[PDB]
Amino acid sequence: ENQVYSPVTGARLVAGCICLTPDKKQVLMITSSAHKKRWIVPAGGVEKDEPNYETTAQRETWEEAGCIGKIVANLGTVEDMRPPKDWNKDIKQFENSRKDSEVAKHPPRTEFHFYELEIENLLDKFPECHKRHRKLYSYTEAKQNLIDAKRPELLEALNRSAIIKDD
């Protein structure tokens, strides 16, 4: 009940961090709680008492990854546009035009506010350290992880960061 939603779309409001090594060659990824083999980035729900998205982003990066660092860029917003739960059993799932197909119009599940963080430390004891793994990946590896995880919005956020892409 401490969760915050868009007053317009009803999307859950979430913040998180693209956590880069100081040399900008790697990004910190974490395993999903539900799916141990899916690698994503730290992010979670804004809570009602939190004054800004940076606070949520750095809290969730601590809770989920045991990562501390400095926010160095605002990477703006991305949206989880996965269709609702009922979607694949509904009668009209797609809206087609002359040269294009789209999933039927729906609000986003989640609106993510992403920041780029420069990693200053990784701690062995952190709140979710027995529920998740946290590991550095090159850009090429991280991109494949996020496609494997079916989270293109997280890849959109990563691509806005200063991560070195030509591995």
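Each residue number is its position in the shown sequence, starting from 1.
Item to complete: May I ask you to compare 26-34 and 60-68 by their mean CA B factor in the entry and name the higher one?
Response: Higher mean C-alpha B-factor: 26-34.
Worksheet entry | Stretch with the higher entry mean CA B-factor, where the candidates are 119-127 and 98-106 | So the stretch with the higher mean C-alpha B-factor is 98-106.
Worksheet entry | Where the record places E50 (Cα B-factor, split into thirds across the chain) | Its C-alpha B-factor, which the entry lists for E50, ranks in the highest third among residues of this chain.
Practice prompt. State the tercile, meaning the lowest, middle or highest third, of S6 with respect to the CA B-factors recorded for its chain.
Written response: Middle third of the chain for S6's C-alpha B-factor.
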